[PDB]
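Enquirer: Sending over a structure as structure tokens; questions will come in a sec.
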Amino acid sequence: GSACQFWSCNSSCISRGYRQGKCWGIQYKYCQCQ
């Protein structure tokens with residue numbers, strides 16, 4: 001299934017300068033931000 005961690009996606013997104021990250025979508029595995 002999906003393989004996103006507790007907050008390691010959220011830290012990756014904040015490191016790209018995003019407002020927050022969120023493990024959501026369709027078909028794919030990888031976590032995304034906003």
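FYI, nothing fancy with the structure tokens labels: chains A, B, ... in order, residues from 1 per chain, ligands from 1 as they appear.
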List every residue of chain A that DSSP, applied to the backbone of this structure, places in strand (DSSP E), and write the result as a list in words.

Expert: residues 21, 22, 32 and 33 of chain A

Enquirer: Go ahead and save the picked residues with N, CA and C atoms, as a compact mmCIF listing (two decimals), in the first residue's frame.

Expert:
```
# COMPACT_ATOMS: atom_id res chain seq x y z
N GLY A 21 2.74 19.40 4.20
CA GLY A 21 2.60 18.18 3.42
C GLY A 21 1.43 17.30 3.87
N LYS A 22 1.01 16.36 3.03
CA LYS A 22 -0.22 15.56 3.17
C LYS A 22 -0.16 14.28 2.33
N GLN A 32 2.67 14.29 -0.95
CA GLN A 32 2.67 15.59 -1.65
C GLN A 32 2.33 16.78 -0.72
N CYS A 33 2.47 18.03 -1.18
CA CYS A 33 2.36 19.23 -0.32
C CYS A 33 1.42 20.32 -0.84
```

Enquirer: Can you pull out the residues contacting residue 31 in chain A? Cut-off 9 Å, using only C-alpha atoms, and skip same-chain residues under 2 positions away; I want them as a list in words.

Expert: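 The residues satisfying every condition are residues 2, 3, 4, 9, 10, 21, 22, 23, 24, 25, 28, 29 and 33 of chain A.
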
Enquirer: Using only C-alpha atoms, determine which residues lie at most 10 Å from residue 34 in chain A, disregarding the query and same-chain residues fewer than 6 positions distant; provide the list as number ranges by chain.

Expert: A: 13-14, 17-22

Enquirer: Write down as an mmCIF file with N, CA, C and O atoms, in the first residue's frame the residues of chain A whose backbone DSSP state falls under alpha helix (DSSP H).

Expert:
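Dumped to result-v2.cif:
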```
data_model
loop_
_atom_site.group_PDB
_atom_site.id
_atom_site.type_symbol
_atom_site.label_atom_id
_atom_site.label_comp_id
_atom_site.auth_asym_id
_atom_site.auth_seq_id
_atom_site.Cartn_x
_atom_site.Cartn_y
_atom_site.Cartn_z
ATOM 1 N N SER A 8 7.934 12.716 8.412
ATOM 2 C CA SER A 8 9.071 12.872 7.486
ATOM 3 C C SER A 8 8.686 13.459 6.115
ATOM 4 O O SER A 8 9.490 14.204 5.544
ATOM 5 N N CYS A 9 7.466 13.219 5.612
ATOM 6 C CA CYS A 9 6.934 13.917 4.431
ATOM 7 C C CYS A 9 6.735 15.408 4.723
ATOM 8 O O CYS A 9 7.185 16.265 3.967
ATOM 9 N N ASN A 10 6.104 15.727 5.855
ATOM 10 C CA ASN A 10 5.812 17.092 6.289
ATOM 11 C C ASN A 10 7.105 17.921 6.420
ATOM 12 O O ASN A 10 7.185 19.020 5.872
ATOM 13 N N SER A 11 8.159 17.350 7.018
ATOM 14 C CA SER A 11 9.500 17.955 7.052
ATOM 15 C C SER A 11 10.128 18.114 5.659
ATOM 16 O O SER A 11 10.713 19.162 5.372
ATOM 17 N N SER A 12 9.987 17.129 4.760
ATOM 18 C CA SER A 12 10.455 17.252 3.367
ATOM 19 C C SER A 12 9.760 18.418 2.651
ATOM 20 O O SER A 12 10.429 19.257 2.047
ATOM 21 N N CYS A 13 8.439 18.540 2.800
ATOM 22 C CA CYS A 13 7.649 19.636 2.246
ATOM 23 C C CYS A 13 8.056 21.005 2.811
ATOM 24 O O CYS A 13 8.293 21.938 2.043
ATOM 25 N N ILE A 14 8.191 21.133 4.134
ATOM 26 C CA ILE A 14 8.680 22.358 4.786
ATOM 27 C C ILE A 14 10.107 22.689 4.312
ATOM 28 O O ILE A 14 10.429 23.857 4.086
ATOM 29 N N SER A 15 10.937 21.679 4.026
ATOM 30 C CA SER A 15 12.276 21.873 3.449
ATOM 31 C C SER A 15 12.249 22.371 2.000
ATOM 32 O O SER A 15 13.125 23.146 1.612
#
```
